[PDB]
Amino acid sequence: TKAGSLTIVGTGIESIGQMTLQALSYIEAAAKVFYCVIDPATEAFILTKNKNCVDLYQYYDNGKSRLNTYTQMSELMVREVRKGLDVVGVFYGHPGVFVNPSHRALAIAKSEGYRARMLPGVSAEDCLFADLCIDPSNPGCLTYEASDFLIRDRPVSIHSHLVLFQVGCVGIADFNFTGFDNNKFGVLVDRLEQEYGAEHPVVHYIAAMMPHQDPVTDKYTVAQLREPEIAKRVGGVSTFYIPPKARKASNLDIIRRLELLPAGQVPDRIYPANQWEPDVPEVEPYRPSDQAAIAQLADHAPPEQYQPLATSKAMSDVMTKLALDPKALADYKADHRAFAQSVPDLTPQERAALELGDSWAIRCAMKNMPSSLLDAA
Amino acid sequence: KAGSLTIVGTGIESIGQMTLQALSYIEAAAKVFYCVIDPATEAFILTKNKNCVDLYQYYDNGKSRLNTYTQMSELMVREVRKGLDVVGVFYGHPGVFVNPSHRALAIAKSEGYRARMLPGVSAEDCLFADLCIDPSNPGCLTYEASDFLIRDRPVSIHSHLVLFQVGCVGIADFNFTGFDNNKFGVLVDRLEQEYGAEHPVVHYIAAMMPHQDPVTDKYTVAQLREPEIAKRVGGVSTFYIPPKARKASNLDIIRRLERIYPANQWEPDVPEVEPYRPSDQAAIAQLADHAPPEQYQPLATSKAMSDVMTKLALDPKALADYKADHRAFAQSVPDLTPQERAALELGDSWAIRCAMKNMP
Ligand SMILES: Nc1ncnc2c1ncn2[C@@H]1O[C@H](CSCC[C@H](N)C(=O)O)[C@@H](O)[C@H]1O
Ligand SMILES: Nc1ncnc2c1ncn2[C@@H]1O[C@H](CSCC[C@H](N)C(=O)O)[C@@H](O)[C@H]1O
């Protein structure tokens with residue numbers, strides 16, 4: 001196989017703390033690090049973890065197209081790959097969510113035969129679910145870029161969540177150092193008034209970027225967005241959450257064919273209610289059957305089929321090492337058997353299970369389950 | 001008031017996908033409650049705090065999921081009511097397709113206790129990274145599979161579609177050996193009514209151990225009816241269904257507001273684009289002459305200033321002290337310059353930039 005690789009990782013949204021353990025370990029093991037982050041504390045942190053770093057942010061400019069900048073950023077990364085080096089690229093948030101240059105660079109490295117991988121990170125939408133206290137599963141989530149939303153006339157749903165990114169950059173294909181003018185914002189507000197109506201709520205969301213700050217979670221009407229004191233608050237790191245207008249009725253034919261309710265009855269919420277919806281009929285946390293479930297806790301014992309963790313220090317140490325040390329992981333992948341034979345202090349059962357590497361084998365080893373094959377080691 | 005509840009995630013891939021902040025809160029907690037599906041991750045949590053309880057033991061065969069979730073949340077909230085700092089830990093992102101966390105946080109908040117969710121890496125985040133797609137182009141619709149069929153939720157054939165919980169269509173129960181997915185054919189019918197019979201559906205399973213590869217298998221909608229294929233769909237399975245066409249642009253909107261590489265590899269019958277077109281080659285040529293613009297501000301900080309900003313993100317106690325009294329905290333940090341102390345005291349992002357980029 002060819003020598004040289006590209007791994008792209010994220011930093012998360014909130015400064016330093018939202019970086020993953022694996023992103024940190026790949027930054028440290030890199031021969032060379034390229035980064036694009038909007039926070040000085042996060043930049044300073046990255047520089048303490050590797051001696052060979054380059055700031056990609058310097059390739060943005062006034063009156064220079066974003067597409068030119070991304071071609072340049074990706075070419076800087078892949079040139080170092082072609083010289084045989086293990087390269088790491090670092091971007092704000094999740095490095096594949098609204099990020100052009102990472103997908104470009106990974107696809108180039110892949111087509112020329114180099115190992116190429118993206119590691120996921122915490123996105124702005126992840127932070128939004130956490131701070132606004134909503135689940136994308138109830139009642140579904142539609143996610144769009146605000147200009148693409150308008151240009152391609154993409155459909156909304158009044159019964160599901162709607163999230164809109166780049167609401168502070170409506171129809172802007174350029175970069176500007178000192179911020180922008182969001183003069184085309186009014187085209188967006190008209191569209192929202194059409195689809196939802198004038199008194200419908202819209203939450204202006206800004207996740208805290210520094211660990212001491214609070215999130216902006218300010219609820220407005222769509223009509224309030226036309227007032228200028230409110231419009232100027234919207235900027236480059238702003239997101240809109242639009243709650244549902246109403247609950248959608250159940251399809252009676254499907255509820256039958258999946259056989260959940262008997263005929264003759266009706267399906268008329270679960271606690272807690274979405275706090276941001278209009279006209280929300282409040283739900284009680286301690287209903288009668290919740291209280292019976294809580295009373296059963298006194299005589300609760302684990303069911304027979306429950307299997308408690310029953311591992312060793314040596315096995316836990318090696319599985320942790322594989323997740324936190326990329327070079328150890330690389331060595332394991334090249335030859336399972338040899339790596340397994342040289343781990344200190346493992347039992348024969350543990351060696352054989354690590355040699356196989358399969359999920360059922362690691363579980364047998366770490367939960368002390370009988371395996372005919374593994375107990376004979 | 002004494003007592004708090006913080007709920008955190010572990011991510012999807014064992015250990016490595018936990019955030020730095022999630023780990024620091026696990027370590028500082030008085031009591032820890034966890035629900036994870038990987039023994040290496042469970043073992044790692046138990047080395048980081050001496051007072052942990054496994055919430056997975058409250059599931060059972062034939063026992064309602066809702067009863068289990070009421071129990072999980074009450075166990076957490078009972079410790080908060082004794083004035084303790086409590087941490088709950090869930091797989092992935094702890095508020096994405098997870099009931100008990102939302103319930104416990106809302107109960108804690110309604111009784112006057114400090115309550116917060118910290119985000120984590122979800123199964124959808126992994127999907128974007130492993131399938132090499134971006135939800136921005138051309139939009140993403142995300143549903144729970146049963147809710148998708150019961151409420152007859154709309155498909156958008158011009159956008160990404162992601163369906164969670166495809167391996168248990170119509171099932172409210174738990175079972176330790178999993179369930180047979182016998183109502184699966186009701187999902188497939190709805191997919192073929194909406195997309196073609198030859199339209200691709202990608203069966204996605206993110207790797208759970210660090211050495212494993214993801215499942216990214218492309219099938220047709222029709223070949224989901226084959227029984228050898230349908231058995232592979234289980235409790236950690238997710239479906240990605242790519243767009244069937246490109247949506248037309250709106251001529252009116254374009255007036256008022258005044259393909260590109262790489263292509264989505266899963267869309268049927270899309271010609272791949274050239275990576276190095278002449279506009280790209282001209283972009284690359286300018287790198288030989290490139291100097292940083294006059295408005296570019298390089299990092300110019302001290303060791304003392306960087307150490308304190310790192311400490312506020314990695315040490316929950318130091319953060320609490322700082323929030324309580326900005327001035328007193330700033331005065332007690334050793335080796336800061338007078339400028340660095342005043343900036344920490346204000347604490348606004350513009351102030352911190354001044355100190356750490358030595359701007360005039
Ligand atoms: N602090 C914040 N709060 C809310 N939304 C934010 C944000 N920072 C960035 N965003 C959203 O993301 C867009 C920037 S593009 C970069 C997004 C990043 N890759 C991610 O993982 O989210 C903005 O237009 C905005 O809509
Ligand atoms: N390894 C994996 N790969 C793909 N999808 C997964 C997965 N593990 C869980 N899921 C998805 O999530 C559902 C479990 S619900 C819990 C999801 C978790 N909190 C998260 O953040 O993702 C499953 O039915 C499946 O659709």
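Quick note on labels: first sequence line is chain A, next is B, and so on, each numbered from 1. First listed ligand is number 1; within each ligand, the first listed atom is number 1.
In this structure, A/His212 contributes its side chain and B/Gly347 its backbone to a donor-acceptor pair below 3.5 Å. Although no hydrogens or angles enter the test, the distance criterion places a donor-acceptor pair under 3.5 Å between the side chain of B/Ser73 and the main chain of B/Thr70. The closest donor-acceptor contact from the side chain of B/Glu13 to the backbone of B/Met209 lies at 3.5 Å or more, if one exists at all. Under a 3.5 Å cut-off, the side chain of A/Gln166 and the backbone N or O of A/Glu145 do not form any donor-acceptor pair. Not one N or O on the side chain of A/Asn182 forms a donor-acceptor pair closer than 3.5 Å with the backbone of A/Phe185.
Near B/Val98, the atoms of ligand 2 lying under 4.0 angstrom from a non-hydrogen atom of the residue are 19 (N). The atoms of ligand 2 that sit less than 4.0 Å from any heavy atom of B/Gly92 are 21 (O). Below 4.0 Å from some heavy atom of A/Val97 lie the following atoms of ligand 1, by number and element: 17 (C), 18 (C), 19 (N). Close approach to B/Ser237 involves these atoms of ligand 2, each under 4.0 Å from a residue heavy atom: 25 (C), 26 (O).
At the shortest separation from atom 5 (N) of ligand 2 among protein heavy atoms lies B/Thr238 OG1, 2.8 Å. For atom 6 (C) of ligand 1, the closest heavy atom belonging to the protein is A/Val237 O, 3.3 Å.
No cation-pi contact links A/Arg104 to A/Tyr70, judged by a cut-off of 6.0 Å to the six-membered ring centre and 45° from its axis.
For B/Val166, no heavy-atom contact with ligand 2 is shorter than 4.0 Å. Proximity of A/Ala208 to ligand 1, defined as any heavy-atom pair under 4.0 Å, is not found for any part of the residue.
Here's the thing with B/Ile205: none of its N/O atoms is less than 3.5 angstrom from an N/O atom of ligand 2. At least one N or O atom of B/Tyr91, backbone or side chain, sits closer than 3.5 Å to an N or O atom of ligand 2. Any N or O atom pair closer than 3.5 Å counts here, and B/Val121 shares no such pair with ligand 2. Considering backbone and side-chain atoms alike, A/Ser123 places every N or O at 3.5 Å or more from each N or O of ligand 1.
Of the protein's heavy atoms, none falls inside 4.0 Å of atom 13 (C) of ligand 1. Under the 4.0 Å distance rule, the nearest protein heavy atom to atom 18 (C) of ligand 2 falls inside the cut-off.
Between B/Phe97 and B/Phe164, the angle of the ring planes stays under 30°, which puts this pair in the parallel group of the 30/60° scheme.
Across B/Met208, B/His93, B/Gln165, B/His203, heavy-atom proximity to atom 24 (O) of ligand 2 is greatest for B/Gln165. The option from A/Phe91, A/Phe98, A/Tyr205, A/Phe165 that lies nearest to atom 16 (C) of ligand 1, judged by heavy atoms, is A/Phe98. Among A/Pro215, A/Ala124, A/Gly168, A/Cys127, the residue whose heavy atom lies closest to atom 20 (C) of ligand 1 is A/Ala124. For atom 23 (C) of ligand 1, the nearest non-hydrogen atom from the set A/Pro120, A/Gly236, B/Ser136, A/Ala207 belongs to A/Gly236.
Within a 6.0 Å radius of NZ in B/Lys231, other residues, nucleotides and ligands contribute more than 12 heavy atoms. Counting non-hydrogen atoms of other residues, nucleotides and ligands closer than 6.0 Å to CD of B/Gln265 gives a total above 12.
Exactly one residue among A/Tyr241, A/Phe240, A/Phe129, A/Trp276 makes a ring pair (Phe, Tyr, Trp, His ring centres under 6.0 Å) with A/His161. That residue is A/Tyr241.
Looking only at side-chain heavy atoms (C-beta outward), A/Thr20 and B/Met18 stay at 4.5 Å or farther from each other.
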